[PDB]
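A.B. asks: Mind looking over this structure? Questions follow.
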Amino acid sequence: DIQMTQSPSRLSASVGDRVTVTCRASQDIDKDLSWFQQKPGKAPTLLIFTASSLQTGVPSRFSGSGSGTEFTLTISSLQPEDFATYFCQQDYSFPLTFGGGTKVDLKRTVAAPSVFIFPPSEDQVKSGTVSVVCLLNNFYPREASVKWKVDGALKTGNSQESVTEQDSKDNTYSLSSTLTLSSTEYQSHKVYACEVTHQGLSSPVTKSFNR
Amino acid sequence: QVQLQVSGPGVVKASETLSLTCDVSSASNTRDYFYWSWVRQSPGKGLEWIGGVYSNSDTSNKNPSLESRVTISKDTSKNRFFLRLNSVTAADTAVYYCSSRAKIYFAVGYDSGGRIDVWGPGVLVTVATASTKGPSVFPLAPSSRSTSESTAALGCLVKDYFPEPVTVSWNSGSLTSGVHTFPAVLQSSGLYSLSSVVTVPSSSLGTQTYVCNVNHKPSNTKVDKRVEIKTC
Amino acid sequence: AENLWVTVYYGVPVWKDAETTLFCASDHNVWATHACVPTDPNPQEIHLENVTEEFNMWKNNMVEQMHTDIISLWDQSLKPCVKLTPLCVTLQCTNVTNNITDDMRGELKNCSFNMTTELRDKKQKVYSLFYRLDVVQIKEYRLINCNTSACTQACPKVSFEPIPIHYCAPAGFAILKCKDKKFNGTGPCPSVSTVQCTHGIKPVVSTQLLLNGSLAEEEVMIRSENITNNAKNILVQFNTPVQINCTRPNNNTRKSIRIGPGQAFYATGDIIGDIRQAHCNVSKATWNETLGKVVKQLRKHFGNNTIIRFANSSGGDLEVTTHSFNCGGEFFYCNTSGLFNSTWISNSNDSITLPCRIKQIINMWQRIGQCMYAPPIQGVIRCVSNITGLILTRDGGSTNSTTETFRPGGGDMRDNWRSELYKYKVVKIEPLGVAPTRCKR
Amino acid sequence: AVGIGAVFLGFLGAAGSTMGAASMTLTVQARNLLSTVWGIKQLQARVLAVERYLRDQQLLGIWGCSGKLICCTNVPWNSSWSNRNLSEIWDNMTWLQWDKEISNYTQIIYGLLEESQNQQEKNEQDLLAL
Amino acid sequence: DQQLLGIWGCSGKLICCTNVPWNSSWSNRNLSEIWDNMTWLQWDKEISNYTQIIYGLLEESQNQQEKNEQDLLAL
Ligand SMILES: *[C@@H]1O[C@H](CO)[C@@H](O[C@@H]2O[C@H](CO)[C@@H](O[C@@H]3O[C@H](CO)[C@@H](O)[C@H](O[C@H]4O[C@H](CO)[C@@H](O)[C@H](O)[C@@H]4O[C@H]4O[C@H](CO)[C@@H](O)[C@H](O)[C@@H]4O)[C@@H]3O)[C@H](O)[C@H]2NC(C)=O)[C@H](O)[C@H]1NC(C)=O
Ligand SMILES: *[C@@H]1O[C@H](CO)[C@@H](O[C@@H]2O[C@H](CO)[C@@H](O)[C@H](O)[C@H]2NC(C)=O)[C@H](O)[C@H]1NC(C)=O
Ligand SMILES: *[C@@H]1O[C@H](CO)[C@@H](O[C@@H]2O[C@H](CO)[C@@H](O)[C@H](O)[C@H]2NC(C)=O)[C@H](O)[C@H]1NC(C)=O
Ligand SMILES: *[C@@H]1O[C@H](CO)[C@@H](O[C@@H]2O[C@H](CO)[C@@H](O)[C@H](O)[C@H]2NC(C)=O)[C@H](O)[C@H]1NC(C)=O
Ligand SMILES: *[C@@H]1O[C@H](CO)[C@@H](O[C@@H]2O[C@H](CO)[C@@H](O)[C@H](O)[C@H]2NC(C)=O)[C@H](O)[C@H]1NC(C)=O
Ligand SMILES: *[C@@H]1O[C@H](CO)[C@@H](O[C@@H]2O[C@H](CO)[C@@H](O)[C@H](O)[C@H]2NC(C)=O)[C@H](O)[C@H]1NC(C)=O
Ligand SMILES: *[C@@H]1O[C@H](CO)[C@@H](O[C@@H]2O[C@H](CO)[C@@H](O)[C@H](O)[C@H]2NC(C)=O)[C@H](O)[C@H]1NC(C)=O
Ligand SMILES: *[C@@H]1O[C@H](CO)[C@@H](O[C@@H]2O[C@H](CO)[C@@H](O)[C@H](O)[C@H]2NC(C)=O)[C@H](O)[C@H]1NC(C)=O
Ligand SMILES: *[C@@H]1O[C@H](CO)[C@@H](O[C@@H]2O[C@H](CO)[C@@H](O)[C@H](O)[C@H]2NC(C)=O)[C@H](O)[C@H]1NC(C)=O
Ligand SMILES: *[C@@H]1O[C@H](CO)[C@@H](O[C@@H]2O[C@H](CO)[C@@H](O)[C@H](O)[C@H]2NC(C)=O)[C@H](O)[C@H]1NC(C)=O
Ligand SMILES: *[C@@H]1O[C@H](CO)[C@@H](O)[C@H](O)[C@H]1NC(C)=O
Ligand SMILES: *[C@@H]1O[C@H](CO)[C@@H](O)[C@H](O)[C@H]1NC(C)=O
Ligand SMILES: *[C@@H]1O[C@H](CO)[C@@H](O)[C@H](O)[C@H]1NC(C)=O
Ligand SMILES: *[C@@H]1O[C@H](CO)[C@@H](O)[C@H](O)[C@H]1NC(C)=O
Ligand SMILES: *[C@@H]1O[C@H](CO)[C@@H](O)[C@H](O)[C@H]1NC(C)=O
Ligand SMILES: *[C@@H]1O[C@H](CO)[C@@H](O)[C@H](O)[C@H]1NC(C)=O
């Protein structure tokens, strides 16, 4: 199978900026590779075929170049409607291998998260399993790091991160890091802390509680 | 312009046969042949090509990884095509898209340099192992010490329900500003869990009644849960 | 400033309504299949997307062309065989009364007569069996056609089996098909397509019932040039065919009489076994369901709360007053009285048997002075057909009347071809055009 | 392109399309404009097709546009024939509608075209005379 | 015959050159052995198998040429 690698995995650009994406194959596949765009919760739509030809109805601002192993997708003037995931699909030989996707998000200013931690209620403790929720509210950029410290010691696993999409109004993200444990393991320790590091925080923000 | 519509069971048990049916409504009657293909996207992953088949010939082509488990059939008289996946596992939970690929020609040999490469709206397929059940709702209360700040955060943990979806509102829908309901995540118990939070003025604590309303149609479970501070 | 100049575009996709000569395409017969172009095994259809065209089935030149072609073919097939001029003589006839049914009393006449021998100075006393519709009294009888014109004996080896015919235009001409369902036979057709030519249309001759035709797709279809006019025939296209089983079980025997040098007259000598009337069976439940669909579609154009009654034919010639058709060489005229006899008000293995009379002297088309004699078919004859349509006539009545009576109709074969060519028109291509452009030579 | 079908454009497919889009599919129309009671009428059908094609070819030739799909000509477009703008006709009208619009001006345009072709031939002769 | 010549752009020309390259497998003979040692009948007999494919190649080449000419004249 022919392997496709796409760069950059994620990028941030404002309206009117120039965007470039590089798709590279594992072997020469001639000019047979199409560039495709898919919006959130929508089917993909064809942007470019054979790496140089623009599909009917596509704005001319989009363009493609390159050949052989390396191909390039260029957006000369980014627009609000262009914010969608782009991928590169090969069709020189079977099997049809897709690209890794290129999510592009609207640019904005830095916003630090508001960090909270919610100790489980007693009713949750009697259920035999408990969930400690750490909330990061209204932050940008998406890059954030959440670490769980139990009795002062960093510990990995049993924590799940759930993230909402970029808000339509303020263009921020909110994230929930839920540490799920058994009641026995929960009562085997005293202090639980979530530590958040983000671009908008000069120092890490630790929110913690003692049982 | 060709239009594709896909259908099938939204939930399939493990080790069963997952059957998806995509129908096509076009051709311009010029005796074209399209290439009807299936592509999946797992949550948080890229697109992957399952296989495909011609619209006129029996020549069908499959991913070598999925060669032994996939069977693709077609009905040209009724203008539809079917995908069957055997030995479905938890890793197969994904959004499935059906596609038609074609190349525009003036005549047999006179290529014009155009295609369509259309994709259907797609359907989500989830490989579950549990049965229907309503959620348990636990209030996520603001800590008493967190009143020093100007903004307070409260919420509700909706845990241990199956299948999706669950709708969460605040104060019977009157509270919408600052509300964040996170996507559901499948738990080791085999059931779904999420949290719905909201940020409010900390001065409103004690004057505002905050209730999270959780609705789960599959078990017909509606739960209204108050959320208040914990006075010591 | 504009600097606009003429630019000539060739191959412009423009057509125009026109009339041309359509040749035949297909895969001894009256319809010359041997002299037809071989059809394409893969017909090439094209959807005319973004196109709307106005059709009018009641003024289509294709119907007239098909009628003329069929008449010409029938005239051609009847030329190279015997003409029965000497058959016109006084006939000494007796009633056939041996092994007959109560319903076939007097139908057959055993007629003895003198006949010309191969030698011009000799005569031979021969006998033949003639149907009562073919003989008229002067015990003395004569053929009905004698005082009208001589009859040409049908060529014996020529078959009357309908064969599908594709009417295909020359180059520079195309045929437009209206694929829109629920089509009304007149007006715009949103769903238009272009074809080289049409499907296989069997030239089936039938009155009061369209047999072996094309069925509707969605539901029963009512068509009329003017539904409000009582003088316009109504064409009904069924969605599901009705099986009709026609049979003449007389074991007829054919004998040859040398009526001249190289001239043979084929006569019915005797019937082996019992003699009983020919008939046609139609499923009762299927016919009732078909008439229910027909009344459902007819009430749309005449009111919802109006009585709809199906009655017998008003009157006229035997061709129009009875279901006249040709099966396996024999010419049947069936009394369709049990079919169109019922009333409708808004709210098993048995079948309807229609007796049928066989005729040998045939006046095929609406012409006087051109008659044909069909030689008898040896042995029992049986065939099965698909009633896929209907021809109806609305009684005069009045506006004040609260009931509409529909009777079977036919006679004119233009409607038979119209029912098959309703979704077809012919156009001529106009590939040359002139447009304004900023180009200069 | 491995997985891809062939959508062959059809005869008169772009009839309902705009003139600008329909002018790109002139080939599929132009390539196949020539290709007892049954045979006798097949003969005159063939004759009719042949003479129609030959008349079209002659009309193309006498305008100096022989063997061409789009032929730029030297005659100016009189505004009286149509006051519509280029963007109007080439993006909001089909070829059939244009034919209906200028059905009563075709003969004058053809006469001007052939006269201009004759003038061009005379000019070429004069140029070759030097 | 006239239209077959025309769809190659060879209208009105007794001898017309075309852009289709001569593939070797059609004939491995050199120009001297073809144009000075055998007649046209033997040539047609030899290339009877490769006639329709060559005609299609010329047809598509002329189609591409006219498309390119139209595109160039558009600007
Ligand atoms: C609607 O379509 C249906 C289905 O196609 C039609 O029903 C078919 O009708 C045909 C024609 O009648 C019938 O075929 C005949 O069946 C008989 C039984 O097999 C045969 O007797 C007969 O063959 C004789 O006739 C042929 C010419 O018609 C000759 O080519 C052939 O050699 C036979 O002729 C010999 O025998 C006769 C009789 O002894 C003698 O006079 C001759 O000299 C010669 O010796 C045909 O094959 C089909 O069987 C019918 N099919 C069904 C399912 O019923 C129906 O008629 C159509 N309806 C209308 C209105 O057109
Ligand atoms: C029709 O009439 C002829 C002659 O009148 C009948 O033929 C006769 O048949 C009898 C037996 O019934 C023979 O004895 C005679 O010799 C026959 N005569 C001739 C002239 O052939 C014939 O049977 C009659 N047919 C019917 C159906 O009544
Ligand atoms: C056939 O012709 C013969 C001879 O003309 C007819 O027999 C004659 O019949 C008439 C009465 O019609 C008699 O007056 C003659 O005397 C008869 N002549 C002979 C020689 O018999 C005979 O009737 C004719 N047959 C038919 C059936 O018409
Ligand atoms: C009478 O009608 C039936 C039903 O439409 C015909 O049966 C069809 O025959 C066609 C032949 O082209 C087949 O493609 C269909 O599948 C058949 N349908 C069914 C339901 O059997 C039958 O052939 C018709 N008979 C005549 C004499 O016209
Ligand atoms: C359909 O026929 C009806 C009935 O003849 C036509 O309407 C009649 O038109 C004539 C014209 O002179 C009037 O005198 C009658 O009074 C009308 N009768 C009725 C009942 O309306 C009608 O015009 C015909 N339709 C078409 C489309 O020609
Ligand atoms: C038409 O239907 C009639 C009865 O309505 C059939 O008559 C029967 O024919 C069968 C032959 O299989 C005989 O066994 C029965 O005795 C007959 N019954 C009666 C009451 O006559 C007739 O055969 C049918 N004809 C066709 C062509 O189907
Ligand atoms: C017309 O004839 C056909 C063929 O004989 C009849 O269909 C048969 O019906 C019998 C009795 O139910 C079945 O046993 C046969 O299997 C059927 N054969 C076929 C080929 O369908 C049909 O019922 C007859 N119709 C009428 C109205 O008499
Ligand atoms: C339609 O039905 C009527 C009523 O039965 C038929 O009229 C009969 O005609 C015969 C002579 O053919 C008379 O002896 C009967 O007395 C009439 N019936 C009545 C009740 O008076 C009429 O013939 C039928 N039409 C057709 C075309 O068969
Ligand atoms: C068609 O059939 C009908 C129904 O049998 C015939 O009407 C019958 O006519 C006879 C004449 O002998 C009367 O005895 C019956 O009473 C009539 N039946 C009914 C129900 O009224 C009709 O005559 C036939 N048509 C022809 C032209 O013979
Ligand atoms: C018939 O009309 C539709 C729209 O009414 C045409 O589709 C348009 O095509 C143009 C050029 O490709 C696009 O810019 C438009 O956006 C399309 N419209 C829609 C609504 O999708 C269509 O092309 C026409 N049919 C044909 C055969 O050309
Ligand atoms: C023959 O039968 C018919 C009908 O029964 C009758 O009218 C006629 O008089 C009969 N002719 C005879 C016995 O000559
Ligand atoms: C022929 O005779 C019949 C019956 O005697 C009669 O009705 C018909 O009018 C006659 N026709 C001619 C043309 O004499
Ligand atoms: C269909 O044709 C009939 C024939 O008279 C006409 O009256 C009717 O308006 C037409 N229907 C439509 C929808 O055009
Ligand atoms: C008709 O009669 C002939 C001659 O006797 C016989 O062979 C044949 O079987 C008969 N047919 C029927 C259907 O009775
Ligand atoms: C006739 O009755 C049907 C009942 O389904 C109704 O839908 C329809 O509109 C009615 N037609 C008229 C003309 O009133
Ligand atoms: C016509 O239908 C009536 C029912 O009113 C019935 O009495 C009569 O016998 C029927 N006649 C025929 C020929 O079917």
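Scheme for the structure tokens: letters A, B, ... for chains in order shown; per-chain residue numbers from 1; ligand numbers from 1 in order shown.
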Write out as a PyMOL selection string all residues of region 4-150 of chain B that DSSP puts in strand (DSSP E) for this structure's backbone.
C.D. replies: chain B and resi 4-7+11-13+18-24+35-41+47-54+60-62+70-75+80-85+94-105+111-115+118-119+123-128+136-140
A.B. asks: Using only C-alpha atoms, which chain C residues lie at most 9 Å away from chain B, written as a ChimeraX atom specification?
C.D. replies: /C:43-49,193
A.B. asks: Please write the residues from the selection above to a file, keeping C-alpha atoms, as a PDB file, in the first residue's frame.
C.D. replies:
ATOM      1  CA  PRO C  43     -29.741   1.073 -27.230  1.00  0.00           C
ATOM      2  CA  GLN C  44     -28.089   4.412 -26.412  1.00  0.00           C
ATOM      3  CA  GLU C  45     -30.449   6.633 -24.363  1.00  0.00           C
ATOM      4  CA  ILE C  46     -29.594  10.189 -23.263  1.00  0.00           C
ATOM      5  CA  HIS C  47     -31.254  12.239 -20.516  1.00  0.00           C
ATOM      6  CA  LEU C  48     -31.927  15.811 -21.654  1.00  0.00           C
ATOM      7  CA  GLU C  49     -31.328  17.382 -18.263  1.00  0.00           C
ATOM      8  CA  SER C 193     -34.896  12.463 -23.106  1.00  0.00           C
TER       9      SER C 193
END
A.B. asks: Hey, what's within 7 Å of residue 96 (chain C) if we count only C-alpha atoms and toss same-chain stuff fewer than 6 positions away? As a list in words, please?
C.D. replies: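 Near neighbours after the sequence-gap exclusion: residues 106, 108, 109 and 110 of chain C.
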A.B. asks: Write a file of the just-selected residues containing C-alpha atoms, as a PDB file, in the first residue's frame.
C.D. replies:
ATOM      1  CA  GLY C 106     -77.118 -22.268 -37.880  1.00  0.00           C
ATOM      2  CA  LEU C 108     -72.109 -23.097 -40.051  1.00  0.00           C
ATOM      3  CA  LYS C 109     -73.568 -23.662 -43.524  1.00  0.00           C
ATOM      4  CA  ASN C 110     -72.596 -26.638 -45.697  1.00  0.00           C
TER       5      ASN C 110
END
A.B. asks: Using only C-alpha atoms, which residue out of E:32, E:11, E:42, E:2 lies closest to chain D?
C.D. replies: E:11
A.B. asks: For chain C against ligand 9, with a cut-off of 12 Å and counting only C-alpha atoms and all ligand atoms, what is the closest atom pair and its distance in Å to one decimal for every residue that makes the cut, ordered by chain and number, as a Markdown table?
C.D. replies:
| residue | atom | partner | partner_atom_place_in_ligand_line | distance |
| --- | --- | --- | --- | --- |
| C:102 | CA | ligand 9 | 12 (O) | 11.9 |
| C:103 | CA | ligand 9 | 12 (O) | 9.9 |
| C:279 | CA | ligand 9 | 2 (O) | 11.9 |
| C:311 | CA | ligand 9 | 3 (C) | 11.2 |
| C:312 | CA | ligand 9 | 1 (C) | 8.5 |
| C:313 | CA | ligand 9 | 27 (C) | 9.4 |
| C:314 | CA | ligand 9 | 27 (C) | 10.7 |
| C:315 | CA | ligand 9 | 27 (C) | 9.1 |
| C:316 | CA | ligand 9 | 27 (C) | 10.5 |
| C:317 | CA | ligand 9 | 27 (C) | 10.5 |
| C:318 | CA | ligand 9 | 27 (C) | 8.3 |
| C:319 | CA | ligand 9 | 27 (C) | 11.3 |
| C:320 | CA | ligand 9 | 27 (C) | 11.1 |
| C:321 | CA | ligand 9 | 27 (C) | 7.6 |
| C:322 | CA | ligand 9 | 27 (C) | 7.5 |
| C:323 | CA | ligand 9 | 27 (C) | 10.9 |
| C:333 | CA | ligand 9 | 27 (C) | 10.0 |
| C:334 | CA | ligand 9 | 1 (C) | 8.6 |
| C:335 | CA | ligand 9 | 1 (C) | 5.0 |
| C:336 | CA | ligand 9 | 1 (C) | 6.7 |
| C:337 | CA | ligand 9 | 1 (C) | 4.9 |
| C:338 | CA | ligand 9 | 4 (C) | 6.8 |
| C:339 | CA | ligand 9 | 2 (O) | 10.0 |
| C:340 | CA | ligand 9 | 1 (C) | 10.7 |
| C:341 | CA | ligand 9 | 20 (C) | 9.2 |
| C:342 | CA | ligand 9 | 20 (C) | 11.6 |
| C:352 | CA | ligand 9 | 4 (C) | 11.3 |
| C:353 | CA | ligand 9 | 2 (O) | 10.0 |
| C:354 | CA | ligand 9 | 2 (O) | 7.7 |
| C:355 | CA | ligand 9 | 2 (O) | 7.7 |
| C:356 | CA | ligand 9 | 1 (C) | 9.6 |
| C:357 | CA | ligand 9 | 28 (O) | 9.8 |
A.B. asks: Please identify all protein, DNA and RNA residues within 6 Å of ligand 7, counting only C-alpha atoms and all ligand atoms, and report them as JSON, numbers by chain.
C.D. replies: {"C": [244, 245, 281, 282, 283, 351]}
A.B. asks: Can you work out which residues are within 9 Å of ligand 12, considering only C-alpha atoms and all ligand atoms, and then hand them over as a VMD selection string?
C.D. replies: chain C and resid 136 to 138 144 to 149 368 to 369
A.B. asks: Just the selected residues (N, CA, C and O atoms), exported as a PDB file, in the first residue's frame, please.
C.D. replies:
ATOM      1  N   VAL C 136     -74.996 -14.568 -47.502  1.00  0.00           N
ATOM      2  CA  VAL C 136     -76.245 -13.818 -47.472  1.00  0.00           C
ATOM      3  C   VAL C 136     -77.195 -14.425 -48.495  1.00  0.00           C
ATOM      4  O   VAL C 136     -76.777 -14.812 -49.593  1.00  0.00           O
ATOM      5  N   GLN C 137     -78.470 -14.520 -48.125  1.00  0.00           N
ATOM      6  CA  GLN C 137     -79.463 -15.142 -48.989  1.00  0.00           C
ATOM      7  C   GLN C 137     -79.774 -14.257 -50.190  1.00  0.00           C
ATOM      8  O   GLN C 137     -79.810 -13.028 -50.086  1.00  0.00           O
ATOM      9  N   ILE C 138     -80.000 -14.895 -51.334  1.00  0.00           N
ATOM     10  CA  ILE C 138     -80.348 -14.189 -52.560  1.00  0.00           C
ATOM     11  C   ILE C 138     -81.837 -13.871 -52.531  1.00  0.00           C
ATOM     12  O   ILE C 138     -82.664 -14.763 -52.343  1.00  0.00           O
ATOM     13  N   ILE C 144     -70.891 -12.499 -49.006  1.00  0.00           N
ATOM     14  CA  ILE C 144     -71.328 -11.144 -48.680  1.00  0.00           C
ATOM     15  C   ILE C 144     -70.594 -10.110 -49.524  1.00  0.00           C
ATOM     16  O   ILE C 144     -71.148  -9.050 -49.838  1.00  0.00           O
ATOM     17  N   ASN C 145     -69.349 -10.393 -49.906  1.00  0.00           N
ATOM     18  CA  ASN C 145     -68.535  -9.421 -50.625  1.00  0.00           C
ATOM     19  C   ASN C 145     -68.828  -9.370 -52.119  1.00  0.00           C
ATOM     20  O   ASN C 145     -68.292  -8.489 -52.800  1.00  0.00           O
ATOM     21  N   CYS C 146     -69.663 -10.272 -52.643  1.00  0.00           N
ATOM     22  CA  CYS C 146     -69.819 -10.378 -54.092  1.00  0.00           C
ATOM     23  C   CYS C 146     -70.373  -9.096 -54.697  1.00  0.00           C
ATOM     24  O   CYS C 146     -69.896  -8.641 -55.744  1.00  0.00           O
ATOM     25  N   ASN C 147     -71.372  -8.493 -54.058  1.00  0.00           N
ATOM     26  CA  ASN C 147     -71.948  -7.256 -54.570  1.00  0.00           C
ATOM     27  C   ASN C 147     -71.163  -6.020 -54.148  1.00  0.00           C
ATOM     28  O   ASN C 147     -71.580  -4.905 -54.479  1.00  0.00           O
ATOM     29  N   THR C 148     -70.048  -6.188 -53.431  1.00  0.00           N
ATOM     30  CA  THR C 148     -69.157  -5.085 -53.082  1.00  0.00           C
ATOM     31  C   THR C 148     -67.884  -5.105 -53.922  1.00  0.00           C
ATOM     32  O   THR C 148     -67.571  -4.123 -54.602  1.00  0.00           O
ATOM     33  N   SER C 149     -67.141  -6.210 -53.889  1.00  0.00           N
ATOM     34  CA  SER C 149     -65.928  -6.367 -54.688  1.00  0.00           C
ATOM     35  C   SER C 149     -65.402  -7.783 -54.491  1.00  0.00           C
ATOM     36  O   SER C 149     -65.802  -8.493 -53.567  1.00  0.00           O
ATOM     37  N   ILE C 368     -63.848   0.378 -48.229  1.00  0.00           N
ATOM     38  CA  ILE C 368     -64.912  -0.326 -48.935  1.00  0.00           C
ATOM     39  C   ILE C 368     -64.380  -0.729 -50.301  1.00  0.00           C
ATOM     40  O   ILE C 368     -63.861   0.113 -51.044  1.00  0.00           O
ATOM     41  N   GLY C 369     -64.508  -2.011 -50.628  1.00  0.00           N
ATOM     42  CA  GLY C 369     -64.058  -2.535 -51.899  1.00  0.00           C
ATOM     43  C   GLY C 369     -62.739  -3.276 -51.875  1.00  0.00           C
ATOM     44  O   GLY C 369     -62.231  -3.626 -52.946  1.00  0.00           O
TER      45      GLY C 369
END
A.B. asks: Would you mind listing the residues within 8 Å of ligand 14, counting only C-alpha atoms and all ligand atoms, as a ChimeraX atom specification?
C.D. replies: /C:249,251-253,272-273,379-380
A.B. asks: With a distance cut-off of 9 Å and only C-alpha atoms, select the neighbouring residues of residue 75 (chain D), excluding the residue or stretch itself and same-chain residues fewer than 4 positions from it, and output the selection as a ChimeraX atom specification.
C.D. replies: /C:4-7,440 /D:109,112-113,116
A.B. asks: What does the list of residues within 12 Å of ligand 15 look like if you count only C-alpha atoms and all ligand atoms, written as a list in words?
C.D. replies: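 Here is the list of contacting residues: residues 295, 296, 297, 298, 299, 300, 301, 302, 303, 304, 305, 306, 346 and 347 of chain C.
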A.B. asks: Next, the residues of the selection above should be written as a compact mmCIF listing (two decimals), in the first residue's frame with N, CA, C and O atoms.
C.D. replies:
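Output contents, as saved in part-v3.txt:
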# COMPACT_ATOMS: atom_id res chain seq x y z
N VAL C 295 -62.20 3.27 -12.83
CA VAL C 295 -63.22 4.19 -12.32
C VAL C 295 -62.59 5.19 -11.35
O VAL C 295 -62.98 6.37 -11.32
N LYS C 296 -61.61 4.75 -10.57
CA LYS C 296 -60.90 5.66 -9.68
C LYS C 296 -60.23 6.78 -10.46
O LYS C 296 -60.30 7.95 -10.08
N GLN C 297 -59.58 6.43 -11.57
CA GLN C 297 -58.91 7.45 -12.38
C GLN C 297 -59.90 8.28 -13.20
O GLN C 297 -59.61 9.44 -13.50
N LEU C 298 -61.05 7.70 -13.56
CA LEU C 298 -62.03 8.43 -14.36
C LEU C 298 -62.81 9.44 -13.54
O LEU C 298 -63.19 10.49 -14.06
N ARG C 299 -63.07 9.14 -12.26
CA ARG C 299 -63.79 10.08 -11.42
C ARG C 299 -63.04 11.39 -11.23
O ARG C 299 -63.65 12.41 -10.89
N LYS C 300 -61.72 11.39 -11.43
CA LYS C 300 -60.95 12.62 -11.29
C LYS C 300 -61.35 13.66 -12.32
O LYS C 300 -61.33 14.86 -12.03
N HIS C 301 -61.71 13.22 -13.53
CA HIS C 301 -62.06 14.13 -14.62
C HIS C 301 -63.56 14.33 -14.79
O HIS C 301 -63.97 15.05 -15.71
N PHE C 302 -64.39 13.72 -13.94
CA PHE C 302 -65.84 13.84 -14.06
C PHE C 302 -66.55 14.01 -12.73
O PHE C 302 -67.78 13.97 -12.70
N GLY C 303 -65.82 14.20 -11.63
CA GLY C 303 -66.43 14.39 -10.33
C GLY C 303 -66.27 13.17 -9.44
O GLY C 303 -66.13 12.03 -9.91
N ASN C 304 -66.31 13.40 -8.13
CA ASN C 304 -66.07 12.35 -7.15
C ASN C 304 -67.36 11.63 -6.78
O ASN C 304 -67.32 10.45 -6.42
N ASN C 305 -68.49 12.33 -6.86
CA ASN C 305 -69.77 11.83 -6.37
C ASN C 305 -70.72 11.58 -7.53
O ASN C 305 -71.91 11.88 -7.45
N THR C 306 -70.18 11.05 -8.63
CA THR C 306 -70.95 10.78 -9.84
C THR C 306 -70.94 9.29 -10.13
O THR C 306 -69.91 8.62 -10.00
N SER C 346 -69.72 6.05 -5.61
CA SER C 346 -68.75 6.40 -4.58
C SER C 346 -69.24 5.97 -3.21
O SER C 346 -70.41 6.17 -2.86
N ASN C 347 -68.35 5.38 -2.43
CA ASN C 347 -68.67 4.90 -1.08
C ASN C 347 -67.56 5.25 -0.10
O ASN C 347 -66.45 5.59 -0.51
